[PDB]
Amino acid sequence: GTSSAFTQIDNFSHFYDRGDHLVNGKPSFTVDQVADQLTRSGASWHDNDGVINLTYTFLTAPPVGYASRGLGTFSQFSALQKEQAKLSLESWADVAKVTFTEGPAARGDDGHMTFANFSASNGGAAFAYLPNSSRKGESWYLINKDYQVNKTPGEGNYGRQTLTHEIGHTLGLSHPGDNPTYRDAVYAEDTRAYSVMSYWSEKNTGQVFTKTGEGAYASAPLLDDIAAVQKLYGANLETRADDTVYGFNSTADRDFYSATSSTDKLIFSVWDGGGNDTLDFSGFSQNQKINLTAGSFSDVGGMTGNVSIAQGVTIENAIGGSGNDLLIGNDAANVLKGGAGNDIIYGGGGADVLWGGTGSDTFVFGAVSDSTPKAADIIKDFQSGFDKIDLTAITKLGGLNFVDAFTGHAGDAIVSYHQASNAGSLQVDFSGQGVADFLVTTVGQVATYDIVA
């Protein structure tokens, strides 16, 4: 078998797997299957420049025919709503080739949107129309004494998510399915852990973002939303194409990608056009499970399934917090830092740079190709007697034969140390060709007893 450490890594890497199986009695849909689902109406704005340029107006007066809509008193968006709306608009433009410019409809634009409030509850909390309808571009928001959610939209609250959700609808995204409850969902991932378009909470799929009496809602497009809107309009590869840090010490310049306190409730899906990026969750004290796999989910900031990387995005670095975290790299050369606590770090393929941080850290290797002589990982702060290099996924617990020189026998391993440069190394000849086919270098001495195999 393998160690528990490896099993924890493997289990997490597969924890949110989607497609080809039932979950909650419903088919599990992959991101692409949901992208189709969310765009099943066939409505979209049309381009051309290969970009959809929309204009939008915060209506200052009721349109012609307004009174017939049964919405009651019309009112213009407040400055706060306009500010939040713009942030919501921006979060969509960030991921797909659609732009929103405040202004009147213009012959040069691909469509025009309108935003406004109404006071009669009968109109519903908020609503919008698909771009193929006669009321294309419109979204309306209820505000009255009995319903105040839309009066103060803000990062993380439902008021902001409503703006995001309604704009998504005006862009052509349908709600995930047609006294309905999650039981009526067409697919398993129809919850707001995967899409802001969903009516159902993340609890239905097992994620935990918050507790009773508190609201926690992604302010920006989530994993499936991004897939859906890019399917419609193409991915916007221009955004944050330089190096970007998301989370703590964020350089993403987006309120929803920023954490400044251990109590922050991050719920976001990372879209990025390139560069050398980092998910920095160093400010959290809770156990985290960070997955750098494209399209995968992470448990961040004491919550679960709240962070994800959009399909097509390569995130290279991760920094855990003070909790006992799991860090899973991808094929790229990753820099993974555990932070305090007892972490389990899995670099994956490519030559990685691993920092255990303080605590007792375990560096897991699941395949020889994870760390070869020509592309070796380096553990920058290995602490013998406390840290561990775990090769059980490879050796299946068969053990290693620690020698001073490869004898041509498979399983032979060599622990070396270079006192002058405080550099250590673990070489292994798994295949038994008489030469190392696996290599891990360290800063700090490694002893045979620090190896789990």
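In case it trips you up, residue 1 is the first one in the sequence shown, and so on.
**Study point:** residue 47 to residue 48: deposited residues without atomic coordinates
**Key:** Gap between residue 47 and residue 48: 1 to 3 unmodelled residues.
Missing residues, deposited sequence, between residue 178 and residue 179 (class: none, 1 to 3, 4 to 9, 10 or more) = According to the record, 4 to 9 deposited residues lack coordinates from residue 178 to residue 179.
_Residue range whose averaged C-alpha B-factor is higher in the record, 257-265 or 332-340_ = Higher mean C-alpha B-factor: 332-340.
- Task: Could you check which stretch, 83-91 or 321-329, carries the larger mean CA temperature factor in the entry?
- Result: Higher mean C-alpha B-factor: 321-329.
For the CA B factor values reported in this entry, which option in 171, 351, 290, 235 has the top one?
Reading the PDB entry, the winner on C-alpha B-factor is 351.
Residue selected from 51, 31, 391, 54 by maximal Cα B factor: Of the candidates given, the C-alpha B-factor peaks at 51.
Splitting the chain's C-alpha B-factors into thirds, which one does residue 359 fall into? According to the entry, residue 359 has a C-alpha B-factor in the chain's highest third.
request  = Would you check the entry's CA temperature factor for residue 151 and let me know if it's in the chain's lowest, middle or highest third?
outcome  = Bottom third by C-alpha B-factor.
When the deposited Cα B-factors of this chain's modelled residues are ordered and cut into thirds, is residue 100 in the lowest, the middle or the highest one? It belongs to the lowest third of the chain when residues are ordered by C-alpha B-factor.
Note to self: Quick check for you: using the entry's CA B-factors within this chain, is residue 240 in the lowest, middle or highest third?
What the structure shows: It belongs to the middle third of the chain when residues are ordered by C-alpha B-factor.
Practice problem: Rank-wise, by C-alpha B-factor, drop residue 106 into the lowest, middle or highest third of its chain. | Solution: Highest third.
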